[PDB]
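**Student:**
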């Protein structure tokens, strides 16, 4: 059992939030799984966030940190080689929140897999954070030796971007640095050969808000006008209770509601309406806890909306009572900037035909012009999800 955590609070009542996140890297070298406060569990239960009191083994290891994560090394697969750790703070628009705006910031590591003695130590990161204005620091890297066991190197370089997954090229450069500068060798680094500057996996924290053009720009310095948008929905259900007649899964409805300055709804696109002046709904013509399969596809042609709209809320619900959200696991939304084009549906005949016809040309698949801007979801438990 391994325990990793930062301890910044100095009092459990304070509200300022710091996310300590992990990024896995397989033998292939590509990003395999991700971890953060929105996604408590990753890698089939091997990596479990501390606040979640479920999804973790019955064998109990209790620590005293704040954003602690537990890792159980036996449950891992063979492919997963490296785990990078990134400590970050979100960026609220009106206050300039950064890492150093806290009483303290330390890194506590515990190795307790050996019986009798529990090893625990605390590095400090505050003097590294204080220099300049920084939001995400690569705290540490852990890698598997060819003979087994985990080695914890400490490569730390500050960065201004506040989102792990926005610094994916920097993480891969950390891996390459580990291979070259230091003696030890990982087979994945031999496959990391090429590096793409604009390669980012999206992670969105609660209440994060950004201008659409900025989020669509990312690392690319050139702003791209948000001309069209595609909203994708996906809901996943728990398994049903074993008992007589098999109960039926509910059919959820989605309700996008456009509002006006005075507070009245202008045009709403919903499972029933299916149409509006500027909104077209529907596409033209082993248990994965976080599976994503699209149910509907809402479109939004940015310039063509009625000029009196001000805010568009997307609610998802079934109004049947006495059930709440019981037997509903996850409800997830993904925005897609689609102004430059739409990627063909994965598994569609045209998609596979084009991918096979198109030569690699140094790229596994031709670059999909679509650019994900936000992957935000809400999770629910087995039974508590009622009322």
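In UniProt numbering, the protein residues as written are 14 to 256, 261 to 302, 343 to 444.
Quick reminder that beta carbons are idealized off the backbone N, C-alpha and C, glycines included.
At what residues does the alpha helix (DSSP H) containing residue 141 begin and finish?
**Tutor:** Residues 139 to 143.
**Student:** Opposite residue 376 in the DSSP bridges: which residues?
**Tutor:** Answer is none; residue 376 lacks a bridge partner.
**Student:** With 16 as the cutoff for other CB atoms within 10 Å, does residue 338 come out buried or exposed?
**Tutor:** Between 302 and 343, the chain has no modelled residues, which means residue 338 does not appear in the coordinates.
**Student:** How close, in whole Å, do the beta carbons of residue 216 and residue 47 come, if the pair is a contact with beta carbons under 8 Å?
**Tutor:** At roughly 7 Å, the Cβ-Cβ gap stays under 8 Å, so residue 216 and residue 47 are in contact.
**Student:** Just how far apart, CA to CA, sit residue 233 and residue 158?
**Tutor:** Their Cα atoms are separated by approximately 36 Å.
**Student:** Does DSSP put residue 190 in a helix, in a strand, or in coil?
**Tutor:** Of the three classes helix, strand and coil, the one that applies to residue 190 here is helix, per DSSP.
**Student:** Which class does residue 56 belong to by DSSP, given the choice of helix, strand or coil?
**Tutor:** In the structure shown, residue 56 sits in coil (DSSP, three-state: anything other than H, G, I, E or B).
**Student:** Mind checking residue 77: buried by the 16 CB within 10 Å criterion, or exposed?
**Tutor:** It is exposed - the Cβ of residue 77 has fewer than 16 other Cβ atoms within 10 Å.
**Student:** Between which two residues does the alpha helix (DSSP H) containing residue 409 stretch?
**Tutor:** Counting along the chain, the alpha helix (DSSP H) containing residue 409 begins and ends at 406 to 414.
**Student:** Does the distance from the C-beta atom of residue 191 to that of residue 147 stay below 9 Å?
**Tutor:** No. Outside cutoff.
**Student:** Which class does residue 395 belong to by DSSP, given the choice of helix, strand or coil?
**Tutor:** Of the three classes helix, strand and coil, the one that applies to residue 395 here is coil, per DSSP.
**Student:** Looking at the unbroken alpha helix (DSSP H) that takes in residue 225, where does it start and where does it end?
**Tutor:** Counting along the chain, the alpha helix (DSSP H) containing residue 225 begins and ends at 225 to 230.
**Student:** Report yes if the CB atom of residue 32 is closer than 9 Å to the CB atom of residue 177, and no otherwise.
**Tutor:** Their beta carbons are under 9 Å apart, which means residue 32 touches residue 177 by this criterion.
**Student:** What is the residue span of the beta strand (DSSP E) that residue 283 lies within?
**Tutor:** Element bounds for residue 283: 282 to 287.
**Student:** Which value, in whole angstroms, describes the spacing of the CA atoms of residue 199 and residue 133?
**Tutor:** Residue 199 and residue 133: Cα-Cα distance of roughly 27 Å.
**Student:** With 16 other CB atoms within 10 Å as the buried threshold, where does residue 411 fall?
**Tutor:** By the neighbour-count rule (16 or more Cβ atoms within 10 Å), residue 411 is not buried but exposed.
**Student:** Look up residue 62 in the DSSP assignment and give the residues it is bridged to.
**Tutor:** 82.
**Student:** Counting only the same chain and skipping the five closest in sequence on each side, list residues whose C-beta sits under 6 Å from that of residue 436.
**Tutor:** Closer than 6 Å at the Cβ level, and outside the excluded window around residue 436, lie 387.
**Student:** With a 10 Å radius around its C-beta and 16 neighbouring C-beta atoms as the bar for buried, classify residue 42 as buried or exposed.
**Tutor:** When all chains shown are included, residue 42 counts as buried.
**Student:** Look up residue 118 in the DSSP assignment and say whether it is helix, strand or coil.
**Tutor:** In this structure, residue 118 counts as coil in the three-state DSSP scheme.
**Student:** Could you please give the first and the last residue of the uninterrupted beta strand (DSSP E) stretch that includes residue 45?
**Tutor:** 44 to 47 is the extent of the beta strand (DSSP E) around residue 45.
**Student:** Name the DSSP bridge partner or partners of residue 271?
**Tutor:** According to DSSP, which records beta bridges pairwise, residue 271 is partnered with 373.
**Student:** Per DSSP, residue 320 is paired with what?
**Tutor:** Here residue 320 is not present, the numbering of the chain passing from 302 to 343 in one jump.
**Student:** Can you tell me which of 58, 419, 383, 427 puts its alpha carbon nearest to the alpha carbon of residue 398?
**Tutor:** Nearest option by C-alpha distance: 427.
**Student:** Tell me where the beta strand (DSSP E) around residue 15 begins and ends.
**Tutor:** Its beta strand (DSSP E) spans residues 15 to 19.
**Student:** Does the count of Cβ pairs from the stretch 62 to 74 and the stretch 233 to 243 closer than 8 Å reach three?
**Tutor:** No: fewer than three Cβ pairs fall under 8 Å.
**Student:** With a threshold of 8 Å on Cβ separation, who are the neighbours of residue 207 within its own chain once the five nearest residues in sequence on each side are excluded?
**Tutor:** Once the five neighbours on either side are set aside, the close Cβ partners of residue 207 are 419.
**Student:** Decide if the stretch 163 to 173 is in contact with the stretch 134 to 145; the criterion is three or more beta carbon pairs, one per stretch, under 8 Å apart.
**Tutor:** The answer is yes - the stretch 134 to 145 touches the stretch 163 to 173, with three or more Cβ pairs under 8 Å.
**Student:** How big is the Cα-Cα spacing for residue 294 and residue 230?
**Tutor:** In a straight line, the C-alpha of residue 294 is about 28 Å away from that of residue 230.
**Student:** Considering just the uninterrupted stretch of the beta strand (DSSP E) at residue 37, what are its terminal residues?
**Tutor:** Residues 32 to 38.
**Student:** Using the C-alpha atoms, what's the distance from residue 224 back to residue 296?
**Tutor:** Going by the C-alpha atoms only, they are around 20 Å apart.
**Student:** Taking its Cβ as the centre, do 16 or more other Cβ atoms sit within 10 Å of residue 53, making it buried, or is it exposed?
**Tutor:** Buried: at least 16 other Cβ atoms inside 10 Å.
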